[PDB]
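See below for the structure under consideration.
All chains are named by letter (A, B, ...) in the order of the sequence lines, taking the proteins before the strands, and each is independently numbered beginning at 1. The basis for the numbers below is simple: all heavy atoms, side chains too, and nothing from hydrogens, waters or symmetry mates.
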Amino acid sequence: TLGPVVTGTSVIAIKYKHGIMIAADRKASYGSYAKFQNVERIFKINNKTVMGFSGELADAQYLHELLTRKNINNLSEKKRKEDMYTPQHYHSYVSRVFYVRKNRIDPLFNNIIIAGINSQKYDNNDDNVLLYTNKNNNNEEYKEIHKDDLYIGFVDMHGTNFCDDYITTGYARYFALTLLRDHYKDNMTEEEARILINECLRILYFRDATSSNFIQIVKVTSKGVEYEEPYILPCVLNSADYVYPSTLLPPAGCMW
Amino acid sequence: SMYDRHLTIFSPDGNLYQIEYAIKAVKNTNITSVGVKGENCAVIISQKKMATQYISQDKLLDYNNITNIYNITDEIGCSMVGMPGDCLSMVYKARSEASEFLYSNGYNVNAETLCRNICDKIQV
């Protein structure tokens, strides 16, 4: 891969009282051409781990296949739920991949978020793993997971990697990151987390040309990994001066 | 000297006689214009008459074309009295001044500023 051709825009992941909430719009752009409008940019690695990407779709798919086979081998060798790999383990794996490809100067044109639950003490989902049937889609309360038991990690093109209570890629790394550094707080409820993420996505939709308002939300919780029904974000302009007709401005000068 | 009344140089009494002669030339056209100002309106009335000059008023002359009133812009108007060539020249100068002001400043010149710029040109 010499460079990006078909690309996805920012991803946002945050911690809240019940786990991880990760959001991305379902759009992949072939330049300035929004060719694909229903693309999946968040993938499930196992019952406690998800991967989001921003950048080249081909490299993201390559990494997704690598992680899928890594999970299958882990499951083959598993004897107890403690044997399942953790989000930290997958983050280390992806960071090593990126570092080696940097050394070869054959990078993946991507920024990756690896998020999930770093513990096995909140459920028995990994006692019997189902890969081809999702029993989730029969409702019990969510479990309040400790912040220290959750994991969000970032990897970039040069192999730079770290973790935090919230991670952003793309233009989120400016807009959503400012909003999160201002307003994020610990143990947010699901509705509060969704409201914060929706504000960030609305600002991104208004100020980023490669984004859409068709949003995919994924929750990693004690119930496992849940994909929400994709929804259209309502995005209205915040000023009537935008809508004011141009013919009502003075006809002389550079009023535009 | 022998040219204090031929050129715009001071006469011994401190006068510039060429300016007085130009004023007399304007006065000799026998064209009258009256401008009045209201509370929210201004009106200029003038004669649709040909300024007296070497030529006279012919029977086949188009009398609608005879006018001493002009538009400098859409919102600024004038009435010019004097030698007709000079009046046309002044009208064109004022129009170019207004257009240059509009382009340079992003808004339309007002009558006071236009008149003052015209007088600055006349001083030369």
Side-chain angles (χ1 to χ4, degrees), chain A residues 10-24 41-54 60 63-64 66-68 70-71 73-75 78 80-99 110-127 129 136 142-156 159-170 172-173 176-177 180-181 184-190 192-194 196-197 200 216-228:
Chain A
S10 42
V11 179
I12 306 163
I14 70 174
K15 290 180 192 177
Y16 78 106
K17 74 195 294 185
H18 291 148
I20 304 298
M21 189 165 279
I22 186 161
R41 308 207 281 120
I42 301 154
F43 314 116
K44 183 178 113 158
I45 309 176
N46 63 31
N47 277 340
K48 278 170 185 61
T49 322
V50 299
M51 167 210 140
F53 84 89
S54 77
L63 194 71
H64 179 209
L66 279 176
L67 296 172
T68 286
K70 182 167 185 73
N71 173 65
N73 300 337
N74 180 222
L75 204 52
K78 172 189 88 85
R80 47 194 281 159
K81 65 179 198 164
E82 282 71 33
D83 295 352
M84 285 306 273
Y85 292 154
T86 53
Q88 188 274 320
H89 175 107
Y90 281 105
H91 184 232
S92 288
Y93 179 69
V94 167
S95 314
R96 180 65 189 178
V97 166
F98 272 68
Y99 177 84
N110 276 105
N111 279 13
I112 303 292
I113 293 177
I114 301 284
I117 293 153
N118 229 36
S119 189
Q120 290 286 351
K121 81 183 183 185
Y122 294 95
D123 45 2
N124 293 87
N125 300 334
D126 288 10
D127 276 339
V129 180
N136 266 340
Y142 292 96
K143 303 276 282 300
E144 279 199 273
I145 298 173
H146 202 284
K147 182 175 61 170
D148 288 330
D149 289 313
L150 301 168
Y151 187 84
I152 313 178
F154 172 83
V155 192
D156 83 340
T160 303
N161 59 298
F162 54 95
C163 52
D164 206 301
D165 290 358
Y166 43 84
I167 298 282
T168 50
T169 66
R173 186 151 138 60
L177 193 46
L180 286 155
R181 280 166 174 170
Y184 174 89
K185 64 174 188 179
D186 297 342
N187 304 310
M188 281 192 296
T189 73
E190 190 191 2
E192 302 182 319
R194 201 192 308 289
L196 183 45
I197 280 183
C200 294
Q216 180 52 58
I217 295 268
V218 177
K219 291 186 290 171
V220 193
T221 57
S222 68
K223 276 190 179 76
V225 175
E226 330 210 309
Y227 282 72
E228 290 199 358

- Message: Does atom NZ (A/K185) have a neighbourhood of more than 12 heavy atoms from anything else shown, all under 6.0 Å?
- Response: no
- Query: If you measure from CG on A/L67 to CG on A/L63, what distance do you get to the nearest 0.5 Å?
  - Reply: 4.5 Å
- Checking side-chain contact (heavy atoms from CB on, under 4.5 Å) against A/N161, which of A/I112, A/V155, A/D156 comes through? A/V155
- Task: Just jot down the ring pair (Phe, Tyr, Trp, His ring centres under 6.0 Å) partners of A/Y166, sequence neighbours excluded, or say none.
- Result: A/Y184
- Looking at residues at least two apart in the chain, or sitting in another chain, which of them share a side-chain contact (heavy atoms from CB on, under 4.5 Å) with A/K70? A/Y85, A/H89, A/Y90, A/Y93
- Task: Check whether any side-chain heavy atom of A/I22 sits under 4.5 Å from a side-chain heavy atom of A/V220, and report yes or no.
- Result: no
- Query: What heavy-atom pair brings A/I14 and A/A193 nearest, and what distance separates the two atoms?
  - Reply: CD1-CB, 3.9 Å
- Message: Could you go through A/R80 and A/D126, starting from their C-alpha distance and side-chain angles, then the distance that decides it, and tell me whether this counts as side-chain contact (heavy atoms from CB on, under 4.5 Å)?
- Response: CA-CA 8 Å; A/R80 47 194 281 159; A/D126 288 10; over 6 Å; no
- Listed partners of A/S10 passing side-chain hydrogen bond (donor to acceptor under 3.5 Å, both in side chains), at least two apart: none
- Correct closest heavy-atom pair for A/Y16 and A/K219 would be OH-CD, 3.5 Å
- Message: Going by ring pair (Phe, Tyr, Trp, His ring centres under 6.0 Å), name the residues that satisfy it together with A/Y99, two or more places apart in sequence or in a different chain.
- Response: none
- Message: Can you tell me how far apart CD1 (A/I20) and CD1 (A/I152) are? Round to the nearest 0.5 Å.
- Response: 4.0 Å
- Note on the structure: Contacts of A/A24 meeting side-chain contact (heavy atoms from CB on, under 4.5 Å) (sequence neighbours excluded), chain-then-number -> A/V11, A/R41, A/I42
- Which heavy atom in A/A176 sits nearest to a heavy atom in A/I12, and how many Å separate them? CB-CD1, 3.6 Å
- Who pairs with A/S119 by side-chain contact (heavy atoms from CB on, under 4.5 Å), at least two apart in sequence or on another chain? A/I117, A/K121, A/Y122, A/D149
- Contacts of A/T49 meeting side-chain hydrogen bond (donor to acceptor under 3.5 Å, both in side chains) (sequence neighbours excluded), chain-then-number -> A/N46
- Item | Inter-residue atom distance A/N111.CG - A/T168.OG1, 0.5 Å rounding | 9.5 Å
- Item | Audit row: A/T189, A/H18, side-chain contact (heavy atoms from CB on, under 4.5 Å) steps and yes/no | CA-CA 8 Å; A/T189 73; A/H18 291 148; over 6 Å; no
- Message: Using modelled atom types and a 3.5 Å cut-off, is there a donor and acceptor pairing between side-chain atoms of A/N136 and backbone atoms of A/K223?
- Response: yes
- Query: Does A/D83 reach the main-chain N or O of A/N74 with its side chain, forming a donor-acceptor pair under 3.5 Å?
  - Reply: no
- Note on the structure: Sorted by chain and number, sequence neighbours left out, ring pair (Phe, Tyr, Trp, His ring centres under 6.0 Å) with A/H64 holds for A/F43
- Item | salt bridge (charged side-chain N to carboxylate O under 4.0 Å, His left out) pairs, two or more places apart, involving residues 11-24 of chain A | A/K15-A/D165
- Query: Checking A/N125 side chain against A/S222 main chain: does a donor-acceptor pair fall under 3.5 Å?
  - Reply: yes
- Provide the closest heavy-atom pair for A/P87 versus A/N118 in the form atom of the first, atom of the second, distance. CD-OD1, 3.3 Å
- Query: Ion pair present between A/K143 and A/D123, side-chain N to carboxylate O less than 4.0 angstrom?
  - Reply: no
- Task: Only counting residues at least two apart or in another chain, list the ones meeting side-chain contact (heavy atoms from CB on, under 4.5 Å) with A/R194.
- Result: A/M21, A/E190, A/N198, A/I217, A/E228
- Message: Checking the side chain of A/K81 only, and the main-chain atoms of A/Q120 only, is there a donor and an acceptor separated by less than 3.5 Å?
- Response: yes
- Note on the structure: When rounded to the nearest 0.5 Å, the distance separating CG of A/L66 from CG of A/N71 is 12.5 Å
- Contact summary for A/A60 and A/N110, nearest pair of heavy atoms: N-OD1, 3.3 Å
- Task: Determine the sole option in A/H91, A/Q88, A/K48 for which the side-chain hydrogen bond (donor to acceptor under 3.5 Å, both in side chains) test with A/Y151 is passed.
- Result: A/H91
- side-chain hydrogen bond (donor to acceptor under 3.5 Å, both in side chains) partners of A/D148, counting only residues at least two apart: none
- Qualifying residues under ring pair (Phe, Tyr, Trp, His ring centres under 6.0 Å), relative to A/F162, sequence neighbours excluded: A/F154
- Message: To the nearest 0.5 Å, what is the distance between CG on A/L180 and CG on A/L196?
- Response: 5.0 Å
